[PDB]
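A.B. asks: Take this structure first; my questions come after.
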Amino acid sequence: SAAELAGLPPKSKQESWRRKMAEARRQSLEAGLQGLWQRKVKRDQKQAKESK
Amino acid sequence: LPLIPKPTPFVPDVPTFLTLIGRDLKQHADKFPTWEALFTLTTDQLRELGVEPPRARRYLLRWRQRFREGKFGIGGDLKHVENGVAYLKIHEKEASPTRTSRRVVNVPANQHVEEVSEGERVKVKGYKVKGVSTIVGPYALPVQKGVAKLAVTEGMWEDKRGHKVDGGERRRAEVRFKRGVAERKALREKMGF
Amino acid sequence: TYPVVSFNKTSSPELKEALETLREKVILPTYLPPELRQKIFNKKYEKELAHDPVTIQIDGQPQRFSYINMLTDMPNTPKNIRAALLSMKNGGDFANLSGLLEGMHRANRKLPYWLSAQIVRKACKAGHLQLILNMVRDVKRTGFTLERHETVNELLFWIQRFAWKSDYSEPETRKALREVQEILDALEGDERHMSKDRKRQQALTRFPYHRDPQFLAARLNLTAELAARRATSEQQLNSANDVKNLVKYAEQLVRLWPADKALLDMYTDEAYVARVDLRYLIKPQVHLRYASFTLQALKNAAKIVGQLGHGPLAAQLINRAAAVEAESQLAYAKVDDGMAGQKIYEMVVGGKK
Amino acid sequence: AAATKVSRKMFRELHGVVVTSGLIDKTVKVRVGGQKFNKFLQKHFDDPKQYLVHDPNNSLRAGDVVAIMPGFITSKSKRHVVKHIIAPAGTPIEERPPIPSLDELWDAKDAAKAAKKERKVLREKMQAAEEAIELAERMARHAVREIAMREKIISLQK
Amino acid sequence: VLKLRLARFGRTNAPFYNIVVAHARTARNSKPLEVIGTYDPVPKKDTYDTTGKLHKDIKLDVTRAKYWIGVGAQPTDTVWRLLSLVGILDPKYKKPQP
RNA sequence: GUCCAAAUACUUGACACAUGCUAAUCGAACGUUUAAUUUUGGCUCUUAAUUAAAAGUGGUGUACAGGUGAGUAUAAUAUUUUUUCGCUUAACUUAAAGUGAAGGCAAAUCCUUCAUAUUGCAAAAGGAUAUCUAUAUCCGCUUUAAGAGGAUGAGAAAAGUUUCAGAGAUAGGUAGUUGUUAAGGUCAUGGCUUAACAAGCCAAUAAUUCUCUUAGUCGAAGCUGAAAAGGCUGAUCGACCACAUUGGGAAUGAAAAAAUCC
RNA sequence: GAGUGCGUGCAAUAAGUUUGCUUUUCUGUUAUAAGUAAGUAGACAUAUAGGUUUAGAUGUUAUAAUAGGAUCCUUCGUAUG
Ligand SMILES: [K+]
Ligand SMILES: [K+]
Ligand SMILES: [K+]
Ligand SMILES: [K+]
Ligand SMILES: [Mg+2]
Ligand SMILES: [Mg+2]
Ligand SMILES: [Mg+2]
Ligand SMILES: [Mg+2]
Ligand SMILES: [Mg+2]
Ligand SMILES: [Mg+2]
Ligand SMILES: [Mg+2]
Ligand SMILES: [Mg+2]
Ligand SMILES: [Mg+2]
Ligand SMILES: [Mg+2]
């Protein structure tokens, strides 16, 4: 949010929750895409290695 | 663990507590010998005393938890109640030379608003002032200009269960049809024959 | 919800002509459904309406509607309202304003902004202040809103004159004080009285109507006239309450009304420019009309408050009174002879009767 | 940037015989080989297929042996193109119009498609241009009236 | 609306759940998009542990669940409580201290 | 024929059905209606409000869940792999901007319409709670850019796959139909569309069409064999199709995907 | 002789519905006409007053053209014969 980037505090208890939920979805999406990517690379290397 | 909350001026005893939450729970007002029994009996003990059906027992255990946490219904934050009746009055402050802030406060029925001190001038939540000298809020009946009473009523805090009209959506046209038959058939017996 | 408008009490044939003209072509069509109300003004249905004219059951007797040439047959609302308003001469006649203004409100007729100030004057001078106060209270129906700084200033002028006409007796001054407060409470709380025309005039004055020093001086006048009578135990418990308000209101007026500023310098300089916004105060005739009781109020309050031992207020109120008197005297010199203002000021302030 | 060039990819090459020719312009029927496997009998059956091939210069005759390539869409039923003649029928190859290379046929599609875009940008700019003119004239008739009516009021306040 | 919820399986008096990624408006036990894990509500006990402590076995593919929470999946109240313990989301409910 | 647990339980008449229930919810969208309560004017009537109930109006959901197997005889704009793509005005996730003005119904977040929104076409809706001796918030609404999802476009190209019930009859079928030129349309491809020419294209052993009989389809889903691209079934489980007394239909909506509607 | 949840021809046909040498009507643009009804601007004057007069840039009313949507008619069309 433009307010979070500027460094402003939460306006109310509801926005504070929206900040935590939005951050939880950002942290999980980053850890999800990377975690699921290493699985693919680790799976393709094994196939390419055994098929060779 | 089973901490008991202290009674409040608006809910002083069990008969009042069971009268507010509704669901026809005031029937069992005699099962609980004291205020401490209500907040001490367990699920199994409430079942032996005869608090049934399970819907009423679970509903009671729920409101029993809300009272502990302080999640009262409407008017539960009052502080000056007498025989179950509380009077709401308006307190006016000059927020600016061209404005005025009005708050619905609860004070004794005799003392005037300006006479009461800040300590006893309680501000009830859920009630506001519309325009001037008008108190708006659930179960706020007017007594005079700038005054309204709030009396304990059956089901005042009740979570009313939903009810069907003419048997709901599926059986709406049929219940109205058959009902229309009973009407016409009645008129024939009155004026027809 | 409400009963259909009707005009069944008219003392003159001219009045009945104007009221029945608007009724049968400007008011009654408003009671028809939105569809039928379109046929009456359509040539394509002129033939049909001639045979089976649209009917609506009011009081049983159906009211027939035929084709109406929207341009050639429709009457002029401003002129008809004038012909009726000028022919009203009896209480039975003015009772029609309640229904007339209701019908215009239903027809969405944007009446002249000054029309309210005129109805208040011609009606109150005839001795029908209640008919006005009743329409104001029933604003949800009559649309008689207090959105003009002049209407409120005109209405509060008569509410005092009726009390002053009886030498400020307790039975009447008590009644007037209830009316003045009912208006200041409607201006503040009731939302029917708010409009863009009012927000503009409140921006030019910078005081909301319910706080405008010119209107608060009315409530201060009647209050100052209740304490003067006594300042029986029941009366003492009440008389002692009037003094609490007198010092309360007086101490509030001085906070709003600036120092050494009269009625023409009270508001911003841009307020007296527009002819639709507080320009009436420029004419000496209309200035003396409103600066009479206001000048008399500050003087009276300044004396009582002084007796109670309030040095500041005793000097603050005399500061305004001295400012309004200096200006009021100018108007008394520029006003033409035989004018209403010159007579009122001469009677209220001059006390010549 | 705005040029959508053809894929320009090379697919497989099939050898076949020309079955019909001269019936339609720049089109011949070519019979190629094939073999479909029957899973119940567990054997292969000859599965020859006849396609409509694109002959740009009409250089093929019936009974001719040619090499075709798929992936060259020209019509609703033509997805093959002639690559070269293996064995001619009737007359030698040099006595027939030459067969363009796939590059020449692809360059024609890019050139033909590019010209189509140039014709659109102009028809779009001109259409938008002639539209703004009409929208501009309305501003004139509405301005001369408003200006004539607004300057009049300003002239009565000097 | 994608949801991370539970699919009730097992036998009478023997509940067993599948953590699944399914559209909200579908049958509870219909074939979902993915099976993220399993959940057994009845707490178990270690074989050779006489301390009396109990535990609950829960298999969960945290990496696959984080991706769905990141794209806008809505877990039910039960799955929310589980995801909050592992440390992905914040609890929706807490024991009042006062 | 003693007990206990799990699992299964109209396979036939998609035969007819008494009775109670399976889809409702929001008063923080909206006013009506009587009830008391309290205030105005008049001298019981008559104003303006508060409160609680009962019907409604509007929003979302009844496009999910649950039931049945009557009809239905198939190769299809079906489907798998790789390459290349397109669309998406509801709901979910992240963010930005905008949330003004009238009229109709008793009123409205209903209906109608306007201003404004890179150029010029094109939007919106309000409600609620606190603070002070007007400000700030909460829940929404409109638009825009993305992620996810999708029932999405005939997507396209290359190479493949699909055991298509039983019996009988039928040799023609195709008329933008097949191709060329030109133009338009399309992300792109394709008579997809149009004009002008050519007479083609598919099929020849039944392509195409028709009659009769029977049937919901499929899966290591169930039973069975040592085994066969095994056989049989098509309950319980999952997927798909169809149906909601029978027949004939349309609209709404992001999408018919309704036990809805005509 | 009896039946027929069957196909098909012809006539007929509710809901719905294609086309256009059908018919009414609503709305949005464009160009005009009017300003008496409405509504919006400007000028002048009066005073217990708030009248007189003019004006179309935005609205309103009317006509024409044009665009689109609802009506009616036409076509197709269950039952039925
Ligand atoms: K369904
Ligand atoms: K079936
Ligand atoms: K026929
Ligand atoms: K017919
Ligand atoms: Mg061979
Ligand atoms: Mg059965
Ligand atoms: Mg089945
Ligand atoms: Mg707004
Ligand atoms: Mg290949
Ligand atoms: Mg075609
Ligand atoms: Mg069958
Ligand atoms: Mg017809
Ligand atoms: Mg006129
Ligand atoms: Mg028939």
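Labels for the structure tokens follow display order: chains A, B, ..., residues from 1 in each chain, ligands from 1.
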Using the chain letters and numbers from this document, which residues of chain B does DSSP assign to strand (DSSP E), as a PyMOL selection string?

C.D. replies: chain B and resi 85-96+99-106+122-123+128-129+135-136+141-144+147-151

A.B. asks: Kindly compile the residues surrounding ligand 12 within 9 Å, counting only C-alpha atoms (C1' of nucleotides) and all ligand atoms, and format them as a VMD selection string.

C.D. replies: chain G and resid 16 to 17 73 to 77

A.B. asks: Please return as a PyMOL selection string the residues found within 12 Å of ligand 7, counting only C-alpha atoms (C1' of nucleotides) and all ligand atoms.

C.D. replies: chain F and resi 67-69+216-218+221+234-242

A.B. asks: Find the spatial neighbours of segment 70-87 of chain E, counting only C-alpha atoms (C1' of nucleotides), within a cut-off of 7 Å - ignore same-chain residues fewer than 3 positions away - and output them as JSON, numbers by chain.

C.D. replies: {"A": [25, 26, 28, 29], "E": [2, 3, 4, 5, 66, 67, 90, 91], "F": [92, 93, 147, 148]}

A.B. asks: Among segment 214-317 of chain C, which ones does DSSP place in alpha helix (DSSP H), written as a count of residues only?

C.D. replies: 69
